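Here are the chains, one letter per residue:
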Amino acid sequence: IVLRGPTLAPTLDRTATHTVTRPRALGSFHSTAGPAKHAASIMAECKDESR
Amino acid sequence: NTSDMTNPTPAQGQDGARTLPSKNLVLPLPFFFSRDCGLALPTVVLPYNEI
């Protein structure tokens, strides 16, 4: 009778189970900030020519 | 590009009545895993995701 290496099929594991899909990592590179500021304009209360 | 597709063919009534042959063509897909043997997708290690 014919003799040969028996064929064994691996089993177990898990394929396409409980898809998560969360690989994103937040963060990027762009400009830092802007150094801008302003004062409260200029007030003027003067009349009568007090020298 | 085998001079069978790029050769102009005149109308049927003209001297050149040759028709363009229909032969299947194959195009390799250049990907990062196909760039080198050392790089390959671990399909067994990534069952959760779909490719």
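Residues numbered from 1 in each chain as written, not as in the entry; some residues may be left out. Chains lettered and ligands numbered in written order. Part of a larger assembly, values for the part shown. Heavy atoms only, no water. Residues with missing side-chain atoms left out of burial classes, pairs and counts.

Method of determination for the deposited model, per the PDB record: cryo-EM, at 3.5 Å resolution.

Looking at the PDB entry, one finds chain B named Major capsid protein and attributed to Singapore grouper iridovirus.

As annotated in the PDB entry, chain A carries the name VP137 and comes from Singapore grouper iridovirus.

### Quick word on the interface of chain B and chain A
Taken together, the contacts link four residues of chain B with eight residues of chain A. Along the lines of polarity and charge, the residues of the side of chain B that touches chain A split into two nonpolar, one polar and one charged. (Contact = heavy atoms within 4.5 Å. Nonpolar A, V, L, I, M, F, W, Y, C, P; charged D, E, K, R; others polar.)

### Re the packing of aromatic side chains
Counted by the stated rule, this structure contains two aromatic pairs over all chains. Three or more aromatic residues link up through ring pairs in this structure, and these residues are B:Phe31, B:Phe32 and B:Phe33. (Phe/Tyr/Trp six-rings, centres within 6.5 Å; stacked < 30°, edge-to-face > 60°.)

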